[PDB]
Amino acid sequence: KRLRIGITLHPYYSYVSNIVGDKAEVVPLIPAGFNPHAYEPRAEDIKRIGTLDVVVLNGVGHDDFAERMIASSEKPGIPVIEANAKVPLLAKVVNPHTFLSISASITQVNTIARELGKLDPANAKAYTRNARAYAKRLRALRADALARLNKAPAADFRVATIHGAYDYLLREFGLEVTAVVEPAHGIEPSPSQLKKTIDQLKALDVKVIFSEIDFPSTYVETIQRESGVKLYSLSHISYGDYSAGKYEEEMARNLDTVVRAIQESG
Ligand code: NI
């Protein structure tokens with residue numbers, strides 16, 4: 001009767017909780033504290049799918065584990081909400097970190113609310129109303145961060161990141177990522193690859209590097225020393241407890257750090 005909705009990543013817990021409020025139950029597929037990049041399906045977690053009515057998926061490359069878990073469960077035909085159905089992607093591998101964008105988060109929130117409404121019509125109007133209030137808060141969060149930005153960065157403001165998570169985030173400043181240290185999503189560089197990346201940061205005069213707060217890497221100190229590139233850190237919104245407010249709290253901090261990096265470039 002009261003929908004039981006599965007989620008895969010922390011941002012989706014925040015989206016669904018804000019959409020449904022107390023009208024439905026939000027169930028994480030994997031426990032808090034586990035790195036979703038390294039998570040391997042456990043029997044205990046696959047069992048949980050059998051008690052759900054629907055699973056919300058990133059479905060564009062950040063939760064492949066969830067499709068495998070569903071296939072191995074008691075409900076392989078469980079309804080699935082493809083959150084990114086209406087989201088413009090980039091770019092050669094499609095970047096799956098659409099949740100680290102205010103505009104793409106609003107699109108995903110609206111898609112989730114519409115789809116949950118079709119599954120639970122008695123609550124369709126409430127889900128729509130809640131999604132619109134949540135989208136208003138996300139726009140305000142972005143406006144508040146931009147209220148601290150004086151100028152756009154100079155033409156020479158090149159940016160690098162350790163994890164390939166921030167292309168959508170930086171796109172909201174009209175900025176691009178020159179280089180990503182990890183050769184592929186969540187893959188540590190070899191010593192030869194890291195040396196080549198350091199050489200590239202120097203050759204292209206990269207100004208800043210955004211590292212990971214969530215599951216940090218031990219070679220970042222070497223990059224800073226060897227390249228002279230200013231270091232800032234961002235959240236993939238993937239560490240610790242699930243909470244309705246996690247997404248907005250950590251995105252506000254992400255946007256403030258990007259603004260600070262630009263402010264400190266001049
Ligand atoms: Ni990632």
# chains A, B, ... in the order shown; residues from 1 in each chain; ligands from 1
call {"tool": "select_by_dssp", "arguments": {"residues": "segment 50-128 of chain A", "states": "alpha helix (DSSP H)", "output": "PyMOL selection string"}}
result
chain A and resi 64-72+102-119+124-128
call {"tool": "write_last_selection", "arguments": {"atoms": "C-alpha atoms", "output": "mmCIF file, in the first residue's frame"}}
result
data_model
loop_
_atom_site.group_PDB
_atom_site.id
_atom_site.type_symbol
_atom_site.label_atom_id
_atom_site.label_comp_id
_atom_site.auth_asym_id
_atom_site.auth_seq_id
_atom_site.Cartn_x
_atom_site.Cartn_y
_atom_site.Cartn_z
ATOM 1 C CA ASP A 64 25.556 -1.047 -12.873
ATOM 2 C CA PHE A 65 25.754 -3.135 -9.622
ATOM 3 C CA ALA A 66 22.031 -2.407 -9.019
ATOM 4 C CA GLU A 67 20.888 -4.001 -12.351
ATOM 5 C CA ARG A 68 22.941 -7.144 -11.487
ATOM 6 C CA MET A 69 21.399 -7.227 -7.957
ATOM 7 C CA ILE A 70 17.837 -6.941 -9.461
ATOM 8 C CA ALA A 71 18.615 -9.764 -11.985
ATOM 9 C CA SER A 72 19.771 -12.020 -9.045
ATOM 10 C CA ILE A 102 21.921 21.472 -10.119
ATOM 11 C CA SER A 103 20.108 21.609 -13.527
ATOM 12 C CA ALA A 104 20.428 17.812 -14.146
ATOM 13 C CA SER A 105 19.333 17.103 -10.463
ATOM 14 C CA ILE A 106 16.153 19.196 -11.042
ATOM 15 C CA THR A 107 15.440 17.189 -14.273
ATOM 16 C CA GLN A 108 16.004 13.844 -12.430
ATOM 17 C CA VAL A 109 13.831 14.973 -9.459
ATOM 18 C CA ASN A 110 10.965 15.913 -11.859
ATOM 19 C CA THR A 111 11.281 12.579 -13.756
ATOM 20 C CA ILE A 112 11.306 10.552 -10.505
ATOM 21 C CA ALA A 113 8.211 12.434 -9.136
ATOM 22 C CA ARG A 114 6.251 11.902 -12.406
ATOM 23 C CA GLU A 115 7.093 8.156 -12.486
ATOM 24 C CA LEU A 116 6.379 7.587 -8.755
ATOM 25 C CA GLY A 117 3.046 9.399 -9.296
ATOM 26 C CA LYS A 118 2.093 6.913 -12.058
ATOM 27 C CA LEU A 119 2.847 3.979 -9.680
ATOM 28 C CA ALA A 124 0.783 11.907 -7.518
ATOM 29 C CA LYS A 125 -0.191 15.558 -6.697
ATOM 30 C CA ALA A 126 1.875 15.535 -3.428
ATOM 31 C CA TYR A 127 4.962 14.091 -5.247
ATOM 32 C CA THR A 128 4.668 16.828 -7.932
#
call {"tool": "residues_near_ligand", "arguments": {"ligand": "ligand 1", "cutoff": "7 Å", "atoms": "only C-alpha atoms and all ligand atoms", "output": "list in words"}}
result
residues 37, 62, 97, 163, 164, 165, 185, 186 and 236 of chain A
call {"tool": "residues_around", "arguments": {"residues": "segment 13-27 of chain A", "least_positions_apart": "4", "cutoff": "7 Å", "atoms": "only C-alpha atoms", "output": "number ranges by chain"}}
result
A: 2-7, 9, 109, 113, 127, 130-131, 134, 242-247
call {"tool": "write_last_selection", "arguments": {"atoms": "C-alpha atoms", "output": "mmCIF file, in the first residue's frame"}}
result
data_model
loop_
_atom_site.group_PDB
_atom_site.id
_atom_site.type_symbol
_atom_site.label_atom_id
_atom_site.label_comp_id
_atom_site.auth_asym_id
_atom_site.auth_seq_id
_atom_site.Cartn_x
_atom_site.Cartn_y
_atom_site.Cartn_z
ATOM 1 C CA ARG A 2 2.702 2.504 1.097
ATOM 2 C CA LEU A 3 5.353 2.270 -1.683
ATOM 3 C CA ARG A 4 8.776 0.810 -0.830
ATOM 4 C CA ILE A 5 11.296 2.572 -3.141
ATOM 5 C CA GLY A 6 14.863 1.382 -3.614
ATOM 6 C CA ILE A 7 17.726 3.835 -4.250
ATOM 7 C CA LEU A 9 23.519 6.330 -4.425
ATOM 8 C CA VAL A 109 13.831 14.973 -9.459
ATOM 9 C CA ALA A 113 8.211 12.434 -9.136
ATOM 10 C CA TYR A 127 4.962 14.091 -5.247
ATOM 11 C CA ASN A 130 7.244 18.301 -3.268
ATOM 12 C CA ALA A 131 9.432 17.976 -6.396
ATOM 13 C CA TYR A 134 12.735 20.821 -3.781
ATOM 14 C CA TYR A 242 21.909 8.540 3.961
ATOM 15 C CA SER A 243 19.819 11.655 4.736
ATOM 16 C CA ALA A 244 17.216 13.788 2.996
ATOM 17 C CA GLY A 245 19.449 16.926 3.375
ATOM 18 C CA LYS A 246 22.840 15.386 2.388
ATOM 19 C CA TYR A 247 22.560 16.391 -1.293
#
call {"tool": "residues_around", "arguments": {"residues": "segment 218-223 of chain A", "least_positions_apart": "5", "cutoff": "10 Å", "atoms": "only C-alpha atoms", "output": "tab-separated table (two decimals) with N, CA and C atoms, in the first residue's frame"}}
result
chain	number	residue	atom	x	y	z
A	162	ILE	N	40.75	14.87	-9.89
A	162	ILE	CA	41.29	13.50	-9.70
A	162	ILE	C	40.27	12.50	-10.29
A	181	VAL	N	42.87	12.99	-13.67
A	181	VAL	CA	44.03	12.16	-13.29
A	181	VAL	C	43.72	10.66	-13.41
A	188	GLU	N	42.76	3.92	-10.33
A	188	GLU	CA	43.95	4.62	-9.88
A	188	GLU	C	44.98	4.64	-11.04
A	189	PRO	N	45.67	5.78	-11.29
A	189	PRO	CA	46.72	5.76	-12.33
A	189	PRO	C	47.92	4.92	-11.91
A	191	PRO	N	52.19	4.51	-11.73
A	191	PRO	CA	53.22	5.55	-11.54
A	191	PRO	C	53.56	6.28	-12.86
A	194	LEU	N	50.61	8.72	-13.76
A	194	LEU	CA	50.63	9.87	-12.85
A	194	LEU	C	51.77	10.86	-13.24
A	195	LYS	N	52.99	10.34	-13.54
A	195	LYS	CA	54.11	11.19	-13.98
A	195	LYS	C	53.71	11.96	-15.26
A	197	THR	N	50.62	12.69	-16.30
A	197	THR	CA	49.61	13.68	-15.92
A	197	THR	C	50.27	14.93	-15.28
A	198	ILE	N	51.22	14.73	-14.35
A	198	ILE	CA	51.94	15.84	-13.70
A	198	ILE	C	52.64	16.72	-14.77
A	199	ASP	N	53.34	16.06	-15.73
A	199	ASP	CA	54.00	16.77	-16.85
A	199	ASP	C	53.00	17.60	-17.67
A	201	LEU	N	50.01	18.81	-16.54
A	201	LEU	CA	49.52	19.93	-15.72
A	201	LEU	C	50.46	21.12	-15.87
A	209	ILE	N	43.48	22.06	-9.05
A	209	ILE	CA	43.10	20.65	-9.06
A	209	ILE	C	42.05	20.43	-7.95
A	210	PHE	N	40.95	19.75	-8.31
A	210	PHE	CA	39.90	19.38	-7.36
A	210	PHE	C	40.04	17.90	-7.04
A	211	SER	N	40.42	17.60	-5.78
A	211	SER	CA	40.57	16.23	-5.30
A	211	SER	C	39.30	15.72	-4.59
A	212	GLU	N	39.31	14.45	-4.17
A	212	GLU	CA	38.16	13.82	-3.51
A	212	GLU	C	38.21	13.89	-1.99
A	228	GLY	N	52.87	22.17	-8.59
A	228	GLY	CA	52.69	23.52	-8.06
A	228	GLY	C	51.26	24.02	-8.21
A	229	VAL	N	50.35	23.13	-8.65
A	229	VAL	CA	48.94	23.41	-8.88
A	229	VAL	C	48.20	23.52	-7.53
A	230	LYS	N	47.42	24.61	-7.33
A	230	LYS	CA	46.63	24.84	-6.12
A	230	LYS	C	45.57	23.74	-5.95
A	231	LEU	N	45.48	23.19	-4.74
A	231	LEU	CA	44.57	22.09	-4.43
A	231	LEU	C	43.32	22.52	-3.65
call {"tool": "closest_residue", "arguments": {"among": "A:73, A:249, A:155, A:52", "to": "residue 137 of chain A", "atoms": "only C-alpha atoms"}}
result
A:249
call {"tool": "select_by_dssp", "arguments": {"residues": "segment 70-219 of chain A", "states": "strand (DSSP E)", "output": "JSON, numbers by chain"}}
result
{"A": [80, 81, 82, 158, 159, 160, 161, 179, 180, 206, 207, 208, 209, 210, 211, 212]}
call {"tool": "residues_around", "arguments": {"residues": "residue 154 of chain A", "least_positions_apart": "2", "cutoff": "12 Å", "atoms": "only C-alpha atoms", "output": "list in words"}}
result
residues 151, 152, 156, 157, 158, 159, 175, 207, 262, 263, 264, 265 and 266 of chain A
call {"tool": "closest_residue", "arguments": {"among": "A:76, A:167, A:144, A:36", "to": "residue 90 of chain A", "atoms": "only C-alpha atoms"}}
result
A:167
call {"tool": "atom_distance", "arguments": {"atom1": "atom CA of residue 168 of chain A", "atom2": "atom CA of residue 95 of chain A"}}
result
8.5 Å
call {"tool": "closest_residue", "arguments": {"among": "A:29, A:204, A:54, A:60", "to": "residue 94 of chain A", "atoms": "only C-alpha atoms"}}
result
A:60
call {"tool": "atom_distance", "arguments": {"atom1": "atom CA of residue 33 of chain A", "atom2": "atom CA of residue 238 of chain A"}}
result
8.2 Å
